[PDB]
Amino acid sequence: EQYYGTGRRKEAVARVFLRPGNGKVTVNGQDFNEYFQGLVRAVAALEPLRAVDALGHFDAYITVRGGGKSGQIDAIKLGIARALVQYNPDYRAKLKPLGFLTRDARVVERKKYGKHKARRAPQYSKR
Amino acid sequence: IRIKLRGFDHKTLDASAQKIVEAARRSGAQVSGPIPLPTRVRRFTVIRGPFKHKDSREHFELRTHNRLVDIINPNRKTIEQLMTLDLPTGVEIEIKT
Amino acid sequence: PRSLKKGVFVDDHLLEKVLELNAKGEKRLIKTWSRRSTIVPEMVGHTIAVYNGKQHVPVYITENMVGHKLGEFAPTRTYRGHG
Amino acid sequence: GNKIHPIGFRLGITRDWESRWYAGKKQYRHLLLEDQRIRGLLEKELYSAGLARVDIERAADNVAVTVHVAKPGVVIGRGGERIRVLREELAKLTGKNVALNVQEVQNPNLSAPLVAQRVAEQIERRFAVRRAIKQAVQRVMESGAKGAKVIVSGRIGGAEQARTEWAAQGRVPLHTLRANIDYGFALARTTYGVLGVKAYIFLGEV
Amino acid sequence: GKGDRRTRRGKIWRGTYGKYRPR
Amino acid sequence: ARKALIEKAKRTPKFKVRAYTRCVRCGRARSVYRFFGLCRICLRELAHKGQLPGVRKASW
Amino acid sequence: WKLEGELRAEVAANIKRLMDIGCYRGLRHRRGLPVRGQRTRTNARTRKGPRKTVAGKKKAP
RNA sequence: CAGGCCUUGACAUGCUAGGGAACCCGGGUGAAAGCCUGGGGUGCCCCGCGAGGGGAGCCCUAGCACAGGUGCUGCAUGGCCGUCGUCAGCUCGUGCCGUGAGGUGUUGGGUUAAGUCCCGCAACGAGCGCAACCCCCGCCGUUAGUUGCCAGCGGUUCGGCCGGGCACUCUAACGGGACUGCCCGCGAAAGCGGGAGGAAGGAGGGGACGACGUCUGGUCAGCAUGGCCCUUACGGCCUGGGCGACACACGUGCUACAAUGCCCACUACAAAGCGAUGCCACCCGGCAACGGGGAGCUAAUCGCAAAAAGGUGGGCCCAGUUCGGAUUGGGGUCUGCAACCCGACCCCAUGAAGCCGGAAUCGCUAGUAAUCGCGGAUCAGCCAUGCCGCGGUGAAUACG
Ligand SMILES: [Mg+2]
Ligand SMILES: [Mg+2]
Ligand SMILES: [Mg+2]
Ligand SMILES: [Mg+2]
Ligand SMILES: [Mg+2]
Ligand SMILES: [Mg+2]
Ligand SMILES: [Mg+2]
Ligand SMILES: [Mg+2]
Ligand SMILES: [Mg+2]
Ligand SMILES: [Mg+2]
Ligand SMILES: [Mg+2]
Ligand SMILES: [Mg+2]
Ligand SMILES: [Mg+2]
Ligand SMILES: [Mg+2]
Ligand SMILES: [Mg+2]
Ligand SMILES: [Mg+2]
Ligand SMILES: [Mg+2]
Ligand SMILES: [Mg+2]
Ligand SMILES: [Mg+2]
Ligand SMILES: [Mg+2]
Ligand SMILES: [Mg+2]
Ligand SMILES: [Mg+2]
Ligand SMILES: [Mg+2]
Ligand SMILES: [Mg+2]
Ligand SMILES: [Mg+2]
Ligand SMILES: [Mg+2]
Ligand SMILES: [Mg+2]
Ligand SMILES: [Mg+2]
Ligand SMILES: [Mg+2]
Ligand SMILES: [Mg+2]
Ligand SMILES: [Mg+2]
Ligand SMILES: [Mg+2]
Ligand SMILES: [Mg+2]
Ligand SMILES: [Mg+2]
Ligand SMILES: [Mg+2]
Ligand SMILES: [Mg+2]
Ligand SMILES: [Mg+2]
Ligand SMILES: [Mg+2]
Ligand SMILES: [Mg+2]
Ligand SMILES: [Mg+2]
Ligand SMILES: [Mg+2]
Ligand SMILES: [Mg+2]
Ligand SMILES: [Mg+2]
Ligand SMILES: [Mg+2]
Ligand SMILES: [Mg+2]
Ligand SMILES: [Zn+2]
């Protein structure tokens, strides 16, 4: 009755719950389209069940905190990609080549002293 | 019967979390195992040289780790045997109702 | 400006100097270092020597310069322009 | 000048602190100043004893200063009278119940802080600085050390043109964290200025 | 702009509060 | 003008607004941290010696 | 509220007053330098106007 | 810097003599410092029904020994740091060559981020370096379950709020994990090209870490320290000023010149930090800065806190403007003994230059640049648009 996955990206963690349903998606009490309203990168969070034509075969009850709106989008995209294969392992192939089952570890490189940011350096002047 | 453990070295802080919990587990019964709270880091960032070499620094920090310890059922066979305990130097015990 | 929940500031030691003069039929030359003491109506007609860091400049106090501080009238830097 | 302190670099991996205790922000500095006032007194008095490391522990209005030393009999004195001549003068500036302990150092030539003090005194006594280094690095190696390195910087032999001299035997991996490298510095004051004496004792990897 | 103190944007810049940026 | 300024700093002043921190170790007036009583230089010398409880060269 | 001309006349009257008594702000408005604590070693151009470039001290060859 | 003051001195250990005090509350003059002052009342072991006489923490006046100097020399120095350069290098021991400096090794063929490794070789090894061991980030596991979390039944004033649970998220300690280990191909080998598994692949990303030396590099003003120098003054106390000056010139930055923008209202999503004359919930006064009340929190609990760009709705319509926010007038607020020189903030008004910048010139190869905001150290306050950190959104391009 329940198939869960954990999705993590950039200081943003996401608990996604895949359950049988019509297609209704929810994220932290609000509706999906109400919580990512107008954020045109929304649709990408649901590509895992577009790689396996279950786009309406589930209802997702999802929880996100940390990071930002987009940091919570790929947090979902990995989690639902995990919860899906946790519903059936054969989904791994065709999900691994789409980079889905992999967590991209691109984080904010720390600030470093003698600089303005991570690598942005103070302006050089030779006199 | 609650114990919270502070200390700069976490190795002494953590070793004294078993040497406390296991005492109240000798005078039973119910104990709530050593929970770790978030650490509080006091950062110090210092110009490396004594003079004018501003873009070279060296980082330092003072880590104050934190552990929580709960004993549910007192039973004074510990209210005596905890006062008789041997906890290392760099650690603060603080016990609440 | 100074929070008027508090008073108008005069260093007191300067304020004595002027209220004695009024009482005794003023005026003597008053030399003070309190550049901060607010010009206060009990000062009009007198002349205070204000120390600007080097000298005591005389300052004849008139009614139209009351809300001010004494230092405002003894400038501290001499200029004269550049060559 | 570029190299990092081999103790501060290993603090937590090979070197424990010389002062160990916890103190919330409200009085860290006070226990710290006290710690420094103690070390100042003992490093002065216990100089002729061969002081190598002052351990200062602290818990609850009491303090346990532990002095590692070459000649413990010098610190204690007559049957524990000169020892308690300090155990109370310590507590006169401690106020706390200032417990004092004395530890025997197994090998003096294996203690970097002492080697440096030995060579520092040998220059103050006008010995040959070049010879005085090669002699010390020799003793550390005979005492089983896996490598040693000793350095004199300053007006060697009173030369107007100051200079740096050194010698090293075995190996001294300053870049290795698991290397246990005892480090000790001493200052040599002479009539023509001051001299710096650095000692590196590779004890072994762990 | 951030330099305009009389705006909800310039008050964020100086980190202060007022009629032009209340709490 | 130094030692008489180590002294004047310890003393209680004519007005609490006239008090300034000095390094307890070396007497420096600038870059003295409240937590240690030490300037940014002595902070580095004692740190490396290990005579500063629980402080460790940071790295992240 | 008072507007256009009268406001300018009352603004002018207060500057004039500060210049007349000789207070430090009055000397600022005279010589044409800033009045509210700003440094003048560099900018102050709004108050000083276009730059008046002069010659400088020289090196040695 | 000016003026008013101190002279064993603000500070150290020592010696005396006279007081014989210890310490706390005043007073006159003065800008203060200072100088002149006025009170009470010291135990220590003593002889005590006596005068008390001594002596002693510590005080104070005279006299000295001495203090004191951010005065000079970084070209007399230690320590620490910058730099070349995280560049791949610098050398030693024995043997061999050479009259000798010195060479060999360390050169050569190949390979690597690397004196990395391989093969060769009158060389054979070794050391300092490189790498590694260490810290953060990325996946999984164990161990823990409050102050953290809420998957599923019960309530539920509809707040994980209560029962209850620790599954998850997290929090923080110990572990696992990647090594060219595997396949195809090349190669003598080290290795290199690709594949598979895998969260991660060729050193995963970032840190810490900086060889022998160079630059008579930098710092006697952090400290230390030789020498030279001053001694009712080159020491010391104070008040005021100056370090903030302004015909000029340069560096580093902030804010912008607008519509991919500006403005108001509504509405989402962070991280790392700080917080007991501290952070301040909420409450009323106030256009506001703030003020008065006033809970909670020795803080995974209470607070700083709103994150901002963003999303929605609406307004401006190409103007030196609803761009920009300098300058100036007035009115306040607050910290502070005190905001004249010389504070920060708030409100009314004022609303400059600036239409994308000559010659010239800087940074960045990816979660980087760019842009958005947030916190901390110093700190009464603050001239922070600086620095050290933190996450949010997130490119372009490398033929060579
Ligand atoms: Mg994390
Ligand atoms: Mg960023
Ligand atoms: Mg800089
Ligand atoms: Mg001599
Ligand atoms: Mg505007
Ligand atoms: Mg000094
Ligand atoms: Mg101050
Ligand atoms: Mg200070
Ligand atoms: Mg100025
Ligand atoms: Mg010179
Ligand atoms: Mg030098
Ligand atoms: Mg030097
Ligand atoms: Mg110089
Ligand atoms: Mg070379
Ligand atoms: Mg040879
Ligand atoms: Mg020849
Ligand atoms: Mg020969
Ligand atoms: Mg040779
Ligand atoms: Mg070479
Ligand atoms: Mg060679
Ligand atoms: Mg070479
Ligand atoms: Mg050659
Ligand atoms: Mg390299
Ligand atoms: Mg070879
Ligand atoms: Mg568990
Ligand atoms: Mg390394
Ligand atoms: Mg030089
Ligand atoms: Mg000197
Ligand atoms: Mg000096
Ligand atoms: Mg210019
Ligand atoms: Mg700037
Ligand atoms: Mg510029
Ligand atoms: Mg704030
Ligand atoms: Mg205009
Ligand atoms: Mg124009
Ligand atoms: Mg406008
Ligand atoms: Mg004004
Ligand atoms: Mg001011
Ligand atoms: Mg235009
Ligand atoms: Mg341009
Ligand atoms: Mg690069
Ligand atoms: Mg912008
Ligand atoms: Mg501050
Ligand atoms: Mg200003
Ligand atoms: Mg800031
Ligand atoms: Zn210091």
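Letters go in sequence order (proteins before strands), and every chain restarts at 1. Values below: every heavy atom of this structure, side chains too, minus hydrogens, waters and symmetry copies.
- The residue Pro75(C) sits apart from the nucleic acid: no heavy atom pair falls under 4.0 Å.
- Not a single donor-acceptor pair, N or O on each side, falls under 3.5 Å between the base of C340(H) and the side chain of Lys69(C).
- At a threshold of 4.0 angstrom between heavy atoms, the contacts of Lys111(A) include nucleobase atoms, whether or not backbone atoms are also involved.
- Contacts of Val50(C) with the nucleic acid, taken as non-hydrogen atoms under 4.0 Å apart, are absent.
- The pair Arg8(A)-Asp104(A) does not count as a salt bridge, with every side-chain nitrogen at least 4.0 angstrom from each carboxylate oxygen.
- When both pairing distances are held under 3.5 Å, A233(H) makes no Watson-Crick or G-U pair with any nucleotide shown.
- Using a 4.0 Å cut-off between charged nitrogen and carboxylate oxygen, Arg40(F) and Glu45(F) do not count as a salt-bridge pair.
- Residue-level contact check: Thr53(G) touches the backbone only, with heavy atoms under 4.0 Å from sugar-phosphate atoms and none from bases.
- One atom, CH2 of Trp13(E), and another, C1' of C346(H), lie 17 Å apart when rounded to the nearest Å.
- Nucleotide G39(H) forms a Watson-Crick or G-U wobble pair with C24(H), both donor-acceptor distances falling under 3.5 Å.
- Ion pairing of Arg42(B) with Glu61(B) is absent here, as no side-chain N (NZ or NE/NH1/NH2) approaches a carboxylate O to less than 4.0 Å.
- For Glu4(G) and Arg8(G), the salt-bridge test passes: some basic side-chain N is under 4.0 Å from an acidic carboxylate O.
- Checking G222(H) for Watson-Crick or G-U wobble geometry (two distances, each under 3.5 Å) identifies no partner in any strand.
- Within the nucleic acid shown, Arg14(E) comes within 4.0 Å of sugar-phosphate atoms alone, with no base atom in reach, counting heavy atoms only.
- Salt bridge annotation for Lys2(G)-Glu10(G): present, with a cationic side-chain nitrogen under 4.0 angstrom from a carboxylate oxygen.
- Residue-to-nucleotide contacts include no donor-acceptor pair under 3.5 Å from the side chain of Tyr20(E) to the base of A288(H).
- With no hydrogens or angles considered, a side-chain donor-acceptor pair links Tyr4(A) and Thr6(A) at under 3.5 Å.
- A negative value of the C1'-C2'-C3'-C4' dihedral assigns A178(H) to the south, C2'-endo side.
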_Each nucleotide in nucleotides 87-92 of chain H should get exactly one letter: B, S or -. Can you fill that in based on protein heavy atoms under 4.0 Å?_
------

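- For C174(H), the paired nucleotide is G141(H), the pair qualifying as Watson-Crick or G-U wobble because both relevant distances are below 3.5 Å.
- Out of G389(H), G391(H), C212(H), the shortest distance to the side chain of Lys3(D) is found at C212(H).
- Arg41(G) comes within 4.0 angstrom of a base, heavy atoms only.
- You'll find a donor-acceptor pair under 3.5 Å spanning the side chain of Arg40(B) and the base of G275(H), going by distance alone.
- Remark: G343(H) pairs with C334(H), satisfying the Watson-Crick or G-U wobble criterion at under 3.5 Å for both atom pairs.
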